[PDB]
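Heads up, the chain below is alone and in the form deposited in one PDB entry; it's given as structure tokens.
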């Protein structure tokens, strides 16, 4: 499945219809995926993960920085299931930071800003949690590093998957939303480190990208 498909027509929502930080209004064009919707979709994704890896101990690997919010929420929903059902996915949490984007584009060079503690993943079931699959370079690179160590199994959950001509074609195991070729921010996703402190996933305005341009 492709997840919740947001066609290139979806108009999104007027900023005035929700609560958005005033210091960002100037720089945002529309609310694209409201936080509450992300939550509802993530609750389902958590049940999907539980069905797929339920009877196993897992190592949840958070791809910093962009995946931090999705990582926290996805694990909370899995935790909810773990304490309210017969099913139980015991979890250990790991973090790794990869960097390669400047402005609204990938530089093509993915760097591991530390956390290559991937050697401990040998024989383990790994659940990688990322914010968005764009060109697919980051995940392609991450998967290469992880597989190096022979983990028992590796699954990838990405909140978003972008429909772009630049995509390598990589598809995650779990996907919240499939979106158009627009640079989105919010929910931990940034534009040169800004907009991470934003509840909803929005689209940056032209004046916004210009103002925060590197």
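We call the rigid core whatever largest set of C-alpha positions still superposes within 1.5 Å between the two forms. Numbering follows the first chain given and starts at 1.
One more form of this protein should be noted, the form deposited in another entry, which is absent from this view; the next part is about it.
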| property | result |
| --- | --- |
| Which one of 54, 180, 151, 34, by Cα shift of 2 Å or more between the shown form and the other one, core superposed | 151 |
| Is_shifted residue 65 between the shown form and the other one (CA, 2 Å cut-off, rigid core) | yes |
| Core-aligned C-alpha movement of residue 134 between the shown form and the other one reaching 2 Å | yes |
| Per-residue C-alpha change between the shown form and the other one, residue 125, threshold 2 Å, rigid core fit | yes |
| Outcome for the Cα pair residue 6, residue 134 in the other form, compared with this form (closer or farther; change of 3 Å or more) | farther |
